[PDB]
């Protein structure tokens, strides 16, 4: 049964039946992650005469957040290398480490330990930001898709709960404003992005799944011309924080609220102070700049240079058209045909 035909009272059942991970899926992925992690820690750089060390492999993305879609969520890994020493460095040397990681993976395949399938993407253009591939192992019951990124460890050993030293963002902003980049180093702060969602209430994670599924369904019609998926994820968090703040709430009202916020994209200016704030003048000046951009502005809680909004109003136009149609579906409607109603946003 398609989401498109599911009424409001069955959305939680729909999430349960199609979207939530089952035991096998999340078990096989964690096995696949283990294979790649061991490889990176025990093999991949053991050949370098000048030792390249991996300080940590961070499981990011939906996998680290607990918002994965069953049988559809990739594994996102950020591998932190001791020899990348700064944002400048990561930006210039990321290409090398990718290629090298590719070679060693090949040399493992050649050995019959597992099988990897990459996908050439042309034109190559700017250095690659990631290495993507599919993994297959006699060990595993299924294949898992991967996304691997090398990164400079800006945070050091970071403990969830603490705001990162502002001087780290001072430095971030300095390089970004000099090289004309914005949001290019969000991977270094993956752990903050993971922390922003990991501890949220269970049903909120479930709604995020639903919104993600709706968004993927939209992509069938619009390909890659939509705003970034992360924008919608953050938009869902914003909806809950201003309209509920409760562990229990109606999924349909949540769904409707999000769809309505999409239609109001020309008024969206959303940001958080979970990891930075206006205290430090430099960080403060950069936040303020971002909030003066054309709407919608959705500021990455982990990255003050990062407007997840995407800066492309055609994308939001397209997404808004779909939001208009989906508001006529049984998804947000009661039994009598009336809409369940959206939450109302605190200041």
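Positions refer to the first chain, counted from 1.
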| property | result |
| --- | --- |
| Entry-level comparison of average CA B-factors, 126-134 and 72-80, reporting the higher stretch | 126-134 |
| Average Cα temperature factor in the PDB entry - higher stretch of 167-175, 104-112 | 104-112 |
| Given 48, 55, 290, 313, the residue at which the Cα B factor reaches its maximum | 48 |
| Per the PDB entry, maximal CA B factor within 240, 189, 275, 146 | 146 |
| Chain-wide C-alpha B factor ranking for residue 154, given as lowest, middle or highest third | middle |
| Position of residue 11 among the chain's modelled residues by C-alpha B-factor, lowest, middle or highest third | lowest |
| Chain-wide C-alpha B factor ranking for residue 317, given as lowest, middle or highest third | lowest |
| Third assignment of residue 199 from its chain's C-alpha B-factors | middle |
| Residue 280 - which third its CA temperature factor falls in, relative to the rest of the chain | highest |
